Amino acid sequence: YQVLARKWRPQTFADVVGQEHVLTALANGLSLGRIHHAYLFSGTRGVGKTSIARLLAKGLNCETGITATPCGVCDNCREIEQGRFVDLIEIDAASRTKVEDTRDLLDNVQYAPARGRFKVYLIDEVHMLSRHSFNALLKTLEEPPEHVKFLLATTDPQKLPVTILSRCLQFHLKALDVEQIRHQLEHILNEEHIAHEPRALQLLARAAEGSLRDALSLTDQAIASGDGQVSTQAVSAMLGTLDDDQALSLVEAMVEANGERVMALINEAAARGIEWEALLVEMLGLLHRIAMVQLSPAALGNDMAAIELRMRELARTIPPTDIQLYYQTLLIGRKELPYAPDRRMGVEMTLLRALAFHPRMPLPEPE
Amino acid sequence: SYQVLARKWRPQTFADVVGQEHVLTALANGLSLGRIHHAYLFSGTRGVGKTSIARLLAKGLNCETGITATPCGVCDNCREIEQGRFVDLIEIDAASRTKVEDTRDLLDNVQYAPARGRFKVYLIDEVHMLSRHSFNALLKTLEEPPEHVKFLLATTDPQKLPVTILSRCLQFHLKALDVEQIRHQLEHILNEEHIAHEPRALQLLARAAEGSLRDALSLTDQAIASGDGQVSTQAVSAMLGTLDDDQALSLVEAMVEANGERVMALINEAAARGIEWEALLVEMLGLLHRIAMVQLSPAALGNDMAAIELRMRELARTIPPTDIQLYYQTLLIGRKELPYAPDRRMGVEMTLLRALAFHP
Amino acid sequence: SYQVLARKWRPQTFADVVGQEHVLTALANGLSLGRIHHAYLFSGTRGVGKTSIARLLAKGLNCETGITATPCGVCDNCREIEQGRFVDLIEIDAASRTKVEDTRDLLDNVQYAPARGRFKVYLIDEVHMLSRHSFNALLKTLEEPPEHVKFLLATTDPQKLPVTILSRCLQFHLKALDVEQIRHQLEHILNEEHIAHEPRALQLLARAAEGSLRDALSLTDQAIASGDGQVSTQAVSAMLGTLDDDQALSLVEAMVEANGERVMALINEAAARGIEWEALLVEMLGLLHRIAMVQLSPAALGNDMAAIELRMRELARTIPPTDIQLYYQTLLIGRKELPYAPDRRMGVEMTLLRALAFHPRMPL
Amino acid sequence: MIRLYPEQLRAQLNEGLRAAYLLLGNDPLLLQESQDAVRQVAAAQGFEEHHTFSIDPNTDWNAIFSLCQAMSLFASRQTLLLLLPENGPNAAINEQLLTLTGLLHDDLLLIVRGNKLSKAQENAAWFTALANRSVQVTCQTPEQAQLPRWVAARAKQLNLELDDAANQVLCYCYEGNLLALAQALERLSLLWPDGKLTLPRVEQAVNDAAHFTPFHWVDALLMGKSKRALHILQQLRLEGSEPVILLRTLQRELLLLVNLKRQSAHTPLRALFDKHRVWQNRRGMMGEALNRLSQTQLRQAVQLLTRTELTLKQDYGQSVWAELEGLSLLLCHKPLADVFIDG
Amino acid sequence: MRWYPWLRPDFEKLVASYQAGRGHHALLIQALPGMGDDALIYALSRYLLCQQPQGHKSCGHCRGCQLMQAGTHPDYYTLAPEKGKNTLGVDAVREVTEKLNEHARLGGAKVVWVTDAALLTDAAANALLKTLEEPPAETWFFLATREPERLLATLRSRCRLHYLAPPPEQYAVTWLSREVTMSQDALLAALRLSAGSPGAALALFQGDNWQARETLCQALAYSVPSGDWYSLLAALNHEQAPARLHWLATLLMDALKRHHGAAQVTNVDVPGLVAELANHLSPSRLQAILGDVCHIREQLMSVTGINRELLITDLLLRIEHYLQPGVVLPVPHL
DNA sequence: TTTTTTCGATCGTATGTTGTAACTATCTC
DNA sequence: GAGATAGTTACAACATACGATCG
Ligand SMILES: Nc1ncnc2c1ncn2[C@@H]1O[C@H](COP(=O)(O)OP(=O)(O)O)[C@@H](O)[C@H]1O
Ligand SMILES: Nc1ncnc2c1ncn2[C@@H]1O[C@H](COP(=O)(O)OP(=O)(O)O)[C@@H](O)[C@H]1O
Ligand SMILES: Nc1ncnc2c1ncn2[C@@H]1O[C@H](COP(=O)(O)OP(=O)(O)O)[C@@H](O)[C@H]1O
Ligand code: ALF
Ligand code: ALF
Ligand code: ALF
Ligand SMILES: [Mg+2]
Ligand SMILES: [Mg+2]
Ligand SMILES: [Mg+2]
Ligand SMILES: [Zn+2]
Ligand SMILES: [Zn+2]
Ligand SMILES: [Zn+2]
Ligand SMILES: [Zn+2]
């Protein structure tokens, strides 16, 4: 019913995935009692800037006291969770970018908080404010009243004036890795009582880059496609990703310089109807991974372990020059793909070109 | 008054659409299971049915009977949505409402409850044309909309949208329609319209469609208009300038032999007869690809081409594959730059002159 | 609570100000000799002490003992000015009040004699944000100023003011605080606060401050929070690494010395935060071009790259020009081919590998 | 109309007071000094009322006309000051000024400030109406050649001693900005009561605040001074000048040089200069340029300039300044290996 | 807006559909300049806006005909660039779209004519899509362009294409000889330079462009032997630079074809110049110069605000450099 | 004795002029 | 002394000029 992204917003510092340094710094500051009056949060999309800001607000305004572990059960915590807390003024800077709104906001900063011990202004998308709006906040931000705190969040910090940056403590959130995303997805699905498979979760984690919101959106889409289940076949169909085995077999056939096998593989792919641009992209990715393995033994990731040994074999046999030649040929073929009579025709011509200029076994020369 | 085939035959039910099986299955499963998201994005090529599917989803959401994947099509809400005058379905043309002021005004009214339907649906078309300020203003409300509003987005250039917008919505990609599907749809439409047709004309129209059904319908309408109300092979061939005879084979043979006089004479004759140069280039590219394919394996030659086998095999045996690749590259370059030349004939002549130099 | 270091350590005396001798000495001599101008303007970078010096001058002007460069700090006027309750000192935030109507009421108070001070001081800060009508009103006021009023102006963008305003006031330009003075001030503050520290941490913080004392104090507060009440070399180094955003120069240095492991580590670190790969390639190309220009002539490098001047000079002195040209051409080809690569990260990695180990073959 | 320099303005005022004074130039310091002297003399004569207005499209000329027409009960002998736009007066401003000059009275003293007027601006009805009863003071900032003499004289009149090195440092740091230089001299006098200004003393209280124009950059390129050209380019970038203006200014001289180099193979340079309308003073520098750049050069420069223009126009790139620096080094005799020229 | 004879057939077809009601609401005419597509569109508009049509032609006396003659018909809209500008902005498209919503003043059909669809900006083209897809009842759109491939694909897919074929060469030559007096070779060369479209050759002859072409030919004849291609600057630096660049490219192509051996050449009235060009230049240099000329012409026509003199000077210096031995020549690439 | 610039589309701030609504003072019964 | 009319003040809308950012 409820969207996973909205349902599973962290409500305690223990629920946050990663961002260890920021959480440790905030906890130490709250425990020691050294609390600033201007915090800036930076990072890529969907990493938890707003979540951490709301958790900090809960910690500041909790009824028990200023603590790094909010209870989560008192009236203030519940109201902050529901977004109905009077003393947490949340401003959408993307919508109110005019200096008149900023002046109206600043004209009422000296009034005491209604119920809480602090008045917390959480300005989101602050990078969209106008220059006059930025310059109007300098003095108030530098020397706010005792009972006023400012929290700022943005994804484009470099657009802020240096004067604004000099007045606040900066925390840069980092993109999450595959392991953390996969673990979070496993936990969420287990709590939701939904069947899943390890390979599907690995594919979803790799396809989400380093954003948890993207991972949750992809999980919802897969659940919808899979009809209440997350299956490897359903996720593979949704993402339009072909089996690495077929791409590796095609690369090996191209290297061996046997046209019959390449044509048979192309016919087999056409029987299913494999997307051809995706096939070229997969082959380019495999060649790039082989080159990286040649550069450094540890370049190869864990997700390719199922074929890792095979990859290593190529890294031990193919000279780097041949790898570069194949990569360049496939890149040019992709570049010229749109103007070919047909995508299948273009891919076949690219493969024939690669075979013709094979470093070791070119096609026979006519008499 | 009179409505063209594209407007008349807009699908009104999930079963009336062609292809896009995965999107329909996902939407049906989501509606049945009760898991309904608040932000849908549709991406794909042109004329694939993004707006049609968006309107079908909007109709299904607000149907009086209930939230179902098979709208009745007879209640007041369905009829009003079909007529495009439903109060709770607000359609925005982002191509002409790019101003941030319009976006702010639209967002200021989301707090009002829907008039008649159970949801207030916003259908933003051509959303890729909005300004950066509009996207940033949308972000906050798009993340956590009220419980009584839905957002449907349709675009053809998803790359231009910021990653923040893409992260907040479920994305559905629509594949380009296959030739067989387009041909079947055209045949069904013509049969329903009681218009005579031939299989070859339908095949040619489907091939010229290039994965777009709107383009196929436009070409069919043009052929009907220019063919005294009848679709015939000759009329479609004349409209599309099909090469028919083996002019391309002779031209490529002359190019390979490096005989400039013959090539220029053939080009002059073609210009006098008034053929389409793009079709000539495409046919030459196809012939070169076939010749390259035959060299790898003799059996690769198609059986449908059992009229010029001797010449094709002679070319395959006599010409090394590298020269074939060079000619293919040259013809591709010529095709790319054809519209930018002062004249089509001038561009073709430039391409052929450049190709003639690849001979010792 | 403990307050904030920036707010707690406001310079309350001319002796507490760090550096800026060329301004303080001139002001003291002018006050001693009675040579006081009608309008003063202060310019400089962020967090260099413009407002602090303006407030100190205002306090010195209206002290009970007399016009002196060393305010007593004990009379009622000094305490009121320090607490911001002095009636004859009017502080105007021009950024918040820009319209002519707001400025007119404030400027119309010059027709009343001072209440309890020799001079009526107006301290207008962020004055570059005023509108044209406000500037006209200010100019009209400054044309015929009463003998018992003084105007103090502070801004970071003096070029925005009209030339007419500039020509009627004496301008003082403040300089960067330099590494040594910042380090000494930080050490003094920490010693007064009873906070454990190490020399290396102080040196790193001073170097990262980049000529601003407020930035240094903010970084010190952040480090204290991270270190759990202590300043240590490891904690400060980790904090700076978290905020480090100069991967382009590090990548160039690693590539030039053929160190693949460092290149891969830098790529991973860059990917950890949200960065645009094409932007990274553009930055690397710009750095290589600047190095080539510096090799052509030492004057090519200006004051805009003072932060990384030493590294750029070392790279220019060490690397032969031919290697720089080869790397520049390789990066140009990489940028050209980036759109068609399987992925942006993969394209960048392939281009860096080609620069590290491979050499293109040119026609003929 | 009388023509004068700032030094003779006080002598003219002592001789007598005219009806209208025109202050035209690009130097704020000299304009301010002339205005102050004129207003002091007028106040001595009995002008205790002053009004100032800014000329712009949104200007209330009715107030000015009412001020001119109306009398005063006791406070007579009015003074009016006008500030012309930076671009200069237009047809509407021309007719407004003509009307104002029509309503002129002996008790009204008119002063006008603005940039130097061109021939088209000079040939105006209002300008000619004041010809018989006006004095124009020309306030132009001295060039680098005459700057050190001005600095020495200004220091002398303030009872200060400047060394040659200190004078050179002051000229270098405050070139084209006389207001900043005068304020620097005042601050130095405040710092050192004895008045002894040595090189180490001045070096401590001086900052770089020079002002330049594209013509200075082009002249530096023609002379061949890489350091000066780079410094001027950096200052222009800091100011925020439009790159296209620099591109056009360089293009004119570069094309002229290319044509002269091509056609000088079988023709004396003097005839070419006469035919191309080259100013006599510039003919020197141009000559040495033709003795420093070969035909192989001036083609790579043109190619780089065209590439920079294309990048600025169609690609909307941000690396225009780097290409400008490269071209500046190219014009000076430097290797410039041509990998950056794409040649 | 002359009505050429060869427009008689096509019109008789199109209007016929409008008589039967089987008319597409968006018609895109592909025709070379000087083919008279504007006259055809005007005739169709006059037919549509006539309150009392008779046969295939307007009555000429009804109120609609009088308003069209006076040029103040409320229901007739034209989208053309401003006098000083060169592109059609989005504000005009938006205003026309908003005005189309309300009912017609005379209670009839509404006609909108786009003078040239190739001049539409990206924003205007995108804004026009929604209106063009589902226009209100009794609304007709007419668009004209030279190369449909240059238009937006989405915009193109919403229109019905009609192509005007130039008449046969002999008929065009006879018509031109009837219209103007000139030698047969000159008429044939002018016709071929205009891609076989009559009227464009008439435009060349009626103006002073022929003298400019002769001057360019003389300058090139002087330059080719000596090798001083810079002197051509004066003959090329003009507001009509693209046409002269096209003429130069045509001359180079004719010389190259003559070298390869051919019976037909575009420039039939100047055998000597093409012979000299073929004799004094190698095929590779000719191809390189032709490619550079075409690229520079495209850049001049495309980029906005580009400086003409700098580009032409750079092109001439580059050609002179290419003429030197041992210089690598450009190769076409994606 | 002069030589000074790319264009289109979108967003934000400040000032001047004209029109409408609400409240108060004055006029008439 | 009350109701109606005329006059004054405050707020909103429209039009013009100037400055800044991104493609
Ligand atoms: N560190 C994290 N731990 C747990 N969930 C996270 C984290 N970061 C993001 N999420 C998930 O992503 C969703 C959106 O995060 P959001 O608050 O938008 O972050 P940002 O403000 O950086 O975009 C949340 O509902 C949350 O479930
Ligand atoms: N999947 C489909 N099934 C049936 N008809 C289609 C389909 N896609 C497109 N069409 C036809 O093309 C026309 C335009 O489609 P449209 O809704 O504009 O798609 P898009 O929004 O992708 O351009 C419709 O009137 C319809 O007849
Ligand atoms: N020269 C200085 N000496 C001592 N402290 C300084 C100096 N300059 C800045 N600071 C510190 O920086 C903080 C902010 O300075 P601020 O008054 O904002 O300068 P500015 O007005 O230039 O921004 C002050 O609290 C002060 O402690
Ligand atoms: F809400 Al975000 F990046 F999408 F902070
Ligand atoms: F291509 Al469309 F609406 F016409 F997406
Ligand atoms: F207050 Al400041 F520079 F930030 F003077
Ligand atoms: Mg957020
Ligand atoms: Mg659509
Ligand atoms: Mg300050
Ligand atoms: Zn609590
Ligand atoms: Zn229904
Ligand atoms: Zn005191
Ligand atoms: Zn009629």
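All values below come from the heavy atoms of this structure, side chains included, with hydrogens, waters and symmetry mates left out. Residue numbering restarts at 1 for every chain, and letters A, B, ... go by the order of the sequence lines.
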Out of [options], which has the shortest distance to the side chain of [X]?
X       : options                   : value
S131(B) : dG12(F), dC18(G), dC11(F) : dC11(F)
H132(A) : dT13(F), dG12(F), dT15(F) : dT13(F)
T304(E) : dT10(F), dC7(F), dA20(G)  : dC7(F)
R104(B) : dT6(F), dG16(F), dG12(F)  : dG12(F)
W279(D) : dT2(F), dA9(F), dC11(F)   : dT2(F)

Side-chain donor/acceptor of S302(E) to backbone N/O of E298(E), under 3.5 Å:
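No: the side chain of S302(E) does not pair with the backbone of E298(E).
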Indicate whether OP1 or OP2 belonging to [N] is found under 4.0 Å from a side-chain N or O atom of [X].
X       : N       : value
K159(A) : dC22(G) : yes
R252(D) : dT4(F)  : yes
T98(B)  : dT10(F) : yes
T213(D) : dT4(F)  : no
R248(D) : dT6(F)  : yes
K85(E)  : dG8(F)  : yes

Review point. Any stacking of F215(D) on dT4(F), going by centres under 5.5 angstrom and planes within less than 30 degrees?
Key: no
- Message: By a 5.5 angstrom centroid cut-off and a 30 degree plane limit, is there stacking between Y316(D) and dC22(G)?
- Response: no
- [ ] Assess the side chains of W217(D) and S328(D): does a donor N or O sit below 3.5 Å from an acceptor N or O?
- [x] yes
Q. Above 12 or not: heavy atoms from other molecules or residues under 6.0 Å from CZ of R335(C)?
A.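 It does not: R335(C) CZ has 12 such atoms or fewer within range.
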How would you label the contact of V100(C) with the nucleic acid (heavy atoms, under 4.0 Å): base, sugar-phosphate, or nothing?
sugar-phosphate
